[PDB]
Amino acid sequence: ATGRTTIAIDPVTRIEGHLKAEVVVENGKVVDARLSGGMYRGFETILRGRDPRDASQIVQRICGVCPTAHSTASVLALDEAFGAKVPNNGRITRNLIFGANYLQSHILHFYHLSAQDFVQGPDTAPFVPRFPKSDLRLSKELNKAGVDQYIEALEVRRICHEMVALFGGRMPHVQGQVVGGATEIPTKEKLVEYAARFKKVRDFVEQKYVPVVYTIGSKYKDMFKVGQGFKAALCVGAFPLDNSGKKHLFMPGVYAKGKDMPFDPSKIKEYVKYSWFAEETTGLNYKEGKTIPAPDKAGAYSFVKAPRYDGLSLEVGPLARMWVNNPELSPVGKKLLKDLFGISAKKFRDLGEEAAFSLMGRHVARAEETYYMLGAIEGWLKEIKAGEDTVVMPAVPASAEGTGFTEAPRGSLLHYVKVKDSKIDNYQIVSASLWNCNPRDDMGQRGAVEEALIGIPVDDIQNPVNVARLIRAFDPXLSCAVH
Amino acid sequence: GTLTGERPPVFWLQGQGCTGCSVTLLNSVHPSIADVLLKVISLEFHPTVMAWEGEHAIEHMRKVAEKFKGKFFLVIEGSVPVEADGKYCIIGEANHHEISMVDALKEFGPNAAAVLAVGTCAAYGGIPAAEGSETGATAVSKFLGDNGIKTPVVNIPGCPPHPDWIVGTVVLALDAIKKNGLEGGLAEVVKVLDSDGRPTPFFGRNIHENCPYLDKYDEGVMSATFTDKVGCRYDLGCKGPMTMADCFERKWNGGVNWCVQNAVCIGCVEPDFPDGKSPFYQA
Ligand code: SF4
Ligand code: SF4
Ligand code: FCO
Ligand SMILES: [Cl-]
Ligand SMILES: [Fe+2]
Ligand code: NI
Ligand SMILES: [S]
């Protein structure tokens with residue numbers, strides 16, 4: 001048996017943003033963890049005093065990987081506050097703009113962020129140097145397939161951004177979503193252009209990406225046995241499928257302690273004992289949220305606040321959404337689960353709680369979700385009406401409030417705005433990687449990733465590769481988490 | 001390019017950025033990002049994409065920086081916050097010491113061949129320096145000057161920049177250096193920067209004076225809803241008149257759209273962005 005080694009990793013690379021992870025290893029396993037989000041900008045104070053319509057541009061600069069998610073949450077919050085009634089065709093157009101970035105983001109995450117955890121790249125920077133014992137298990141052929149797909153995926157993710165820009169104007173940082181809808185009516189010609197790009201993305205997802213995740217996973221079966229954490233998840237709903245506000249591609253729900261429960265947003269509170277914010281601001285629901293930085297506060301270790309749902313520490317993201325909603329698995333997933341794993345499965349939960357809530361399970365969920373999104377986009381391409389108006393032009397209210405709820409590629413996102421004297425009085429963001437990558441709450445309960453690190457194997461303290469492998473399975477974005 | 005050609009070392013440091021300047025670069029069409037990474041530059045440190053991590057990644061950058069002292073390119077994405085002794089942006093930890101963005105720029109800035117301030121945050125402060133902020137977010141050139149660091153700075157702004165502005169500025173610099181050496185080449189680059197540090201091939205022309213809707217502007221024919229694509233966008237908030245960029249011709253994302261066609265220009269390449277360009281949706 002071995003004793004303790006304490007390992008600090010700053011920067012954690014092949015994520016978005018600024019993260020330090022510190023783990024305590026005893027006898028070959030992580031026994032404690034602390035995550036530190038290291039960069040703060042303070043959008044919630046920058047936004048104050050502005051014309052509320054500016055928010056749907058300003059807030060995207062929280063993150064240039066998921067800006068369409070922030071755009072969406074912001075315009076939904078503004079729609080509610082302004083009483084803007086988005087035309088049906090604008091609802092669909094928004095779904096086409098945002099849906100295309102789910103494809104971009106998941107492909108970016110698996111190939112350009114995560115795949116080097118399992119694949120040795122070409123012998124030049126930024127693929128070397130790396131840990132001398134990186135635990136890269138793939139055959140020469142399968143490793144080369146991984147590199148070839150990494151390279152192809154650079155073009156595929158770029159094509160996804162062309163899809164976003166067709167009706168979104170440009171990407172990163174769309175111009176095409178505003179309060180009241182979408183700024184550009186889709187034309188027949190541009191819908192052909194979107195569909196032609198979408199077909200190429202679909203073929204890559206179906207033929208390369210989903211199969212490679214199961215295939216690599218089958219060489220790392222041990223990675224389905226670690227990373228469970230609390231086995232607790234959150235989904236707030238996303239992609240409205242009609243104009244009622246009640247039907248969504250991903251429906252809301254909470255899962256914790258083995259039980260499904262409804263989602264009530266009034267049960268969200270953000271704690272700050274272990275966060276660099278003034279102690280008087282602890283425990284606030286977002287409708288009363290406050291952002292008062294305290295970078296010298298003793299005992300704190302992160303610029304991420306600690307959100308809790310009725311006291312529960314929950315995770316968010318593809319696993320959360322796919323677990324809560326339990327869709328049918330992809331045809332190739334069903335086949336490869338049988339052929340490579342001996343698993344008979346029809347729906348996502350047939351993986352079982354332990355394997356789903358695991359390091360490799362989160363990669364599988366993300367690939368499955370990418371396939372699921374293809375069918376949603378196909379549906380929207382059949383439902384959209386070329387030439388039909390997509391926007392209304394609402395007057396700015398003097399006094400109002402609104403909340404926008406959606407699912408960013410990494411998990412649940414909400415924006416809350418309060419307007420007073422026709423200007424932003426408060427704006428509060430509760431984002432996906434906030435739920436995943438937060439520090440302890442005021443009672444000392446760890447954040448989701450902190451808890452999922454417990455039990456991670458570190459058989460070689462000189463090459464502790466599984467620490468960051470676990471972190472990357474959650475697709476962290478610390479710029480989103482801190483804002 | 002060729003896989004076996006000369007490729008200068010680049011370190012890419014993120015301060016108060018959003019990673020959008022990195023993502024926009026990933027969207028380069030010609031040359032593709034694969035070709036940039038394998039044939040044009042050697043990206044030795046970049047936290048979003050590099051293989052190694054933590055103190056080992058920092059030490060790798062330090063070893064390359066010593067070997068190529070005076071000769072590496074330093075890209076900065078995001079602003080540099082000076083308040084609270086730099087604590088609003090920590091970029092790494094090595095030798096049991098945290099490394100702030102302030103520390104990192106003081107360490108590597110003096111030893112770079114040139115600093116490329118990519119994006120409006122790095123070039124001019126941008127959103128992190130806007131009204132309501134409290135981190136002391138500072139533009140690269142100002143931070144370096146305040147600290148006596150004389151290394152040349154080239155600004156490639158935008159929020160985000162177009163990939164062609166980033167790659168094209170790199171290509172222009174590398175060509176000047178091939179013809180004239182490092183000092184002579186950087187002198188030739190500086191000669192083609194405007195008063196805001198921006199390369200004139202990309203930022204030397206005004207959007208509005210080259211806009212396809214200029215006739216409508218001059219006739220006073222203004223769209224009243226975003227989806228009316230016939231009229232000028234001025235009353236909807238377009239900041240084209242005060243913006244120097246080539247978007248009207250280059251467009252975005254493989255030429256599929258641009259901000260004025262789709263909605264409005266928000267003036268994202270300008271030193272006063274965002275506050276001097278706000279409100280975005282009124283003239
Ligand atoms: S105000 Fe904008 S849309 Fe109108 S002519 Fe000028 S740049 Fe073009
Ligand atoms: S059109 Fe205006 S807002 Fe759009 S990228 Fe060009 S300068 Fe920036
Ligand atoms: N996806 C994404 Fe960004 C994060 N985390 C948000 O919300
Ligand atoms: Cl997004
Ligand atoms: Fe927040
Ligand atoms: Ni993000
Ligand atoms: S993100």
Side-chain angles (χ1 to χ4, degrees), chain A residues 8-14 16-18 20 38-42 45-51 53-54 57-58 61-65 67 112 116 121 124-130 151 154-155 158 161-162 165-166 169-173 175-176 178 183-185 293 295 389-391 393 468 479, chain B residues 14 16 18-24 26-27 32-34 37-38 42-44 46-54 57 60 84 87-93 127-128 130-135 159-160 224-227 252-254 256-259 261-264 266 274 278-282:
Chain A
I9 308 174
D10 187 14
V12 177
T13 54
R14 282 177 296 109
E16 187 293 325
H18 302 72
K20 166 175 173 182
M39 183 278 289
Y40 174 82
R41 290 162 299 158
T45 68
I46 293 166
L47 281 159
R48 293 181 80 263
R50 296 177 189 275
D51 180 331
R53 296 172 295 182
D54 288 358
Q57 289 299 307
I58 297 295
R61 284 75 179 171
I62 289 170
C63 179
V65 180
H112 309 122
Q116 287 193 74
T124 200
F127 305 102
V128 297
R130 61 182 298 169
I151 298 288
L154 293 166
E155 181 58 0
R158 183 188 72 70
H161 272 187
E162 297 189 344
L166 274 163
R170 65 156 171 183
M171 189 65 166
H173 303 331
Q175 299 279 16
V178 289
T183 59
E184 177 178 350
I185 292 168
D389 206 347
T390 51
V391 88
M393 302 295 299
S479 302
Chain B
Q14 296 174 328
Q16 292 171 302
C18 77
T19 305
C21 287
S22 288
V23 172
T24 206
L26 302 184
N27 289 336
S32 67
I33 188 64
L37 297 176
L38 297 176
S42 185
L43 184 63
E44 294 290 343
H46 190 306
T48 315
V49 297
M50 70 192 295
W52 221 352
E53 68 192 46
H60 171 64
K87 283 184 182 178
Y88 289 119
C89 184
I90 300 301
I91 71 153
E93 187 174 303
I127 290 165
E131 188 61 47
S133 61
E134 59 197 322
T135 65
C159 192
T225 173
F226 292 110
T227 53
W252 276 78
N253 299 96
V256 303
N257 213 333
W258 67 301
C259 306
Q261 196 290 136
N262 175 247
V264 301
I266 66 175
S278 297
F280 292 130
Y281 297 112
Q282 314 208 305

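Lettering follows sequence order; numbering is per chain, from 1.
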Which bit of [X] is near chain B, if near means a heavy-atom gap under 4.5 Å: side chain, backbone, both or neither?
X	value
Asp389(A)	side chain
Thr124(A)	side chain
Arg170(A)	both
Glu162(A)	both
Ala8(A)	side chain

Would you please classify the geometry between the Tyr281(B) ring and the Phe226(B) ring as parallel, tilted or perpendicular, with 30° and 60° separating the classes?
perpendicular

Separation between [atom1] of [X] and [atom2] of [Y], rounded to the nearest 0.5 Å:
X	Y	atom1	atom2	answer
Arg61(A)	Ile127(B)	CZ	CD1	5.0 Å
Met50(B)	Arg130(A)	CE	CZ	11.0 Å
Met171(A)	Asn257(B)	CE	CG	13.5 Å
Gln14(B)	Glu16(A)	CD	CD	6.5 Å
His18(A)	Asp10(A)	NE2	CG	9.0 Å

Is any side-chain heavy atom of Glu184(A) closer than 4.5 Å to a side-chain heavy atom of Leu166(A)?
no

Does the side chain of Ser133(B) reach to within under 4.5 Å of the side chain of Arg41(A), using non-hydrogen atoms?
no

Between chain A and each of [options], count heavy-atom pairs under 4.5 Å; write down the option with the most.
options	result
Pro47(B), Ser278(B), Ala51(B), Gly132(B)	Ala51(B)
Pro160(B), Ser32(B), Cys21(B), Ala34(B)	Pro160(B)
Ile266(B), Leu37(B), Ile33(B)	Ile266(B)
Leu43(B), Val264(B), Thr24(B)	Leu43(B)
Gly92(B), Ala263(B), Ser22(B), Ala57(B)	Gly92(B)

If you count heavy-atom pairs under 4.5 Å with chain B, which of [options] comes out on top?
options	answer
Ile62(A), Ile58(A), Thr390(A), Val128(A)	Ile58(A)
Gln57(A), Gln175(A), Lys20(A), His173(A)	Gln175(A)
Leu47(A), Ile151(A), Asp51(A)	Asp51(A)
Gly169(A), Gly38(A), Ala125(A)	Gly169(A)
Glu155(A), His112(A), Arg50(A)	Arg50(A)

Can you say whether [X] sits under 4.5 Å from chain A via the side chain, the backbone, both, or neither, judging by heavy atoms?
X	value
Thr135(B)	side chain
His60(B)	side chain
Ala84(B)	side chain

Nearest heavy-atom approach of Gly17(A) to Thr19(B) is N-OG1, 4.4 Å

If you compare all heavy atoms of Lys87(B) against all heavy atoms of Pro295(A), which two are closest, and at what distance to 0.1 Å?
CD-O, 3.8 Å

Under the side-chain contact (heavy atoms from CB on, under 4.5 Å) rule, what do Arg53(A) and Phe280(B) come out as? Steps first, then yes or no, please.
CA-CA 8 Å; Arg53(A) 296 172 295 182; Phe280(B) 292 130; over 6 Å; no

